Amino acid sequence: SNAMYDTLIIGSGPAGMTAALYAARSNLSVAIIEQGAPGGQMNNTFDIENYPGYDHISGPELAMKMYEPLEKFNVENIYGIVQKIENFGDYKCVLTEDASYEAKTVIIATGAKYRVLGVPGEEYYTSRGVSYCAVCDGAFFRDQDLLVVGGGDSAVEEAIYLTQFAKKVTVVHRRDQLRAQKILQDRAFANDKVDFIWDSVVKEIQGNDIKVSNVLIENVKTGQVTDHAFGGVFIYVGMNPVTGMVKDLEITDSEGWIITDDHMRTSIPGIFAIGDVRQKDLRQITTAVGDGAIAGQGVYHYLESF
């Protein structure tokens, strides 16, 4: 089994860990290849209040509470940064920067990464006033003032979604026009709680080491900086799926997200994808948990029908 696993799972987020739980619980050889801390994007989240069974919990302690039940089920944890996964039909290879492992099934759970703005203080106050997920932390900033960065569909729709909690939502954008659909533009201009600052760029995010308190906004045309008071900032600039190690396999779309079906299975038989690395709409721990369960239990079926 060391020479050839029943399942190797690339990634240790909620998805990968759930697939490992189900697959190993079914008495299969399971190993997770993880670059760094078990938890993924979770280790960057202050508080989480939309995972059922937990009123409130932080990223790291929930990651550990998901990881520790794996040792009981013989999940072998392997450090590594996967560079390539190649298919051989009856078996597949997964290559490290210094090792390489064989498995009958590969489950891809590498997730994605929120693109960033490049602003001093955004790293600092991330998940403390800075957020890239309105569905995620929007309910924490009730009756406060929020700043939304962007001018596409994502920024506008996430802004009017944020109107469900905040007293006011202002969006910044480095231009005088929106590139979003005219329907959502009209919907935004119609909502009272949203106003916008045109031809401007976020210069720097400032707070009191605890929360975000204010942001310095620079105007691209004039060049002068003015400070504004905001309880929160939400930025959406796009996201990067971690799919560099499956470019050879033609399982991704144009933007690089892996294509699967109801059963988490890929156009390549034996390889599955779960979680946020997937083509999907709602990217949450609850969705990654559903997904991971489906792949972990599907591994047994694929192996049995052999």
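Don't overthink the numbering: it's just position in the shown sequence, from 1.
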166-174 or 219-227, whichever carries the higher mean Cα B-factor: 219-227
Mean Cα B-factor comparison, 257-265 or 39-47, giving the higher one as deposited: 39-47
Among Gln144, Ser154, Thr110, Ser131 - the residue whose C-alpha B-factor is largest in the record: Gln144
Among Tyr161, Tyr236, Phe140, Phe73 - the residue whose C-alpha B-factor is largest in the record: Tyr236
Chain-wide C-alpha B factor ranking for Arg187, given as lowest, middle or highest third: highest
Entry-reported Cα temperature factor of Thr96, expressed as the chain third it lands in: highest
CA B-factor placement of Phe196, once the chain's modelled residues are sorted into thirds: highest
Chain-wide C-alpha B factor ranking for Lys104, given as lowest, middle or highest third: lowest
CA B-factor ranking of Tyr125, expressed as a third of its chain: middle
